[PDB]
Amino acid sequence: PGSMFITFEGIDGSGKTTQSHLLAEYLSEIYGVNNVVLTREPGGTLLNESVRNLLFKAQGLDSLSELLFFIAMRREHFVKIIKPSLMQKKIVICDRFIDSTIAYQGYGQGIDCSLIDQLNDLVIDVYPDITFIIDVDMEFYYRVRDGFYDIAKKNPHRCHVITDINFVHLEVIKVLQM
């Protein structure tokens, strides 16, 4: 149908995942299940999902290690799923992407955002057409949220912040179709 690359972002528990599924079902009804690819990071391939399970069972990663695993995984997910889907003119919807890395590894853990930008640019050559930031150690979580707000202000050509399951879905479609 023509490539489109949509991402959902925000804090865990914000309803990102639910919204990404609701969009997938909506777009699938219009363009056909085969033309819509619903995926997620960290994950999206068998390898990545398997690495994700290991990381979950390890905990206690150095923060830069964690960043680097997420960048490796993104590279693999981009090359195998995202970019070939786009080359084939499908719609890709990804639950968590480059903005989560900035928010969590950058603002949260304190890793330099210019490094994270460089790493993201090293591994992908297509950025999302549109990103929906769903807005719903407390000091950590305040930083992460500030990161998402800053991302939205830095990238208003791409990011749209939707505030506070059906209402949110309706605004997602509204914004998507302008």
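Residue positions are given as counts along the sequence shown, with the first one as 1.
Asks: With respect to the deposited sequence, how many residues separating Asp164 from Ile165 are not represented by coordinates: none, 1 to 3, 4 to 9, or 10 or more?
Replies: Per the record, 4 to 9 deposited residues are absent between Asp164 and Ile165.
Asks: From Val136 to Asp137, how many deposited residues does the entry skip: none, 1 to 3, 4 to 9, or 10 or more?
Replies: In the record, 10 or more residues between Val136 and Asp137 lack coordinates.
Asks: Which is higher on mean Cα B factor in this entry, 26-34 or 56-64?
Replies: Of 26-34 and 56-64, the stretch with the higher C-alpha B-factor average is 26-34.
Asks: According to the deposited model, is the average Cα temperature factor higher in 85-93 or in 71-79?
Replies: Looking at the record's C-alpha B-factors, the answer is 85-93.
Asks: Which one of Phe148, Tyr127, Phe132, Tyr141 shows the biggest C-alpha B-factor in the PDB entry?
Replies: When the deposited C-alpha B-factors of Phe148, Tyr127, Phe132, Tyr141 are compared, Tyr141 is largest.
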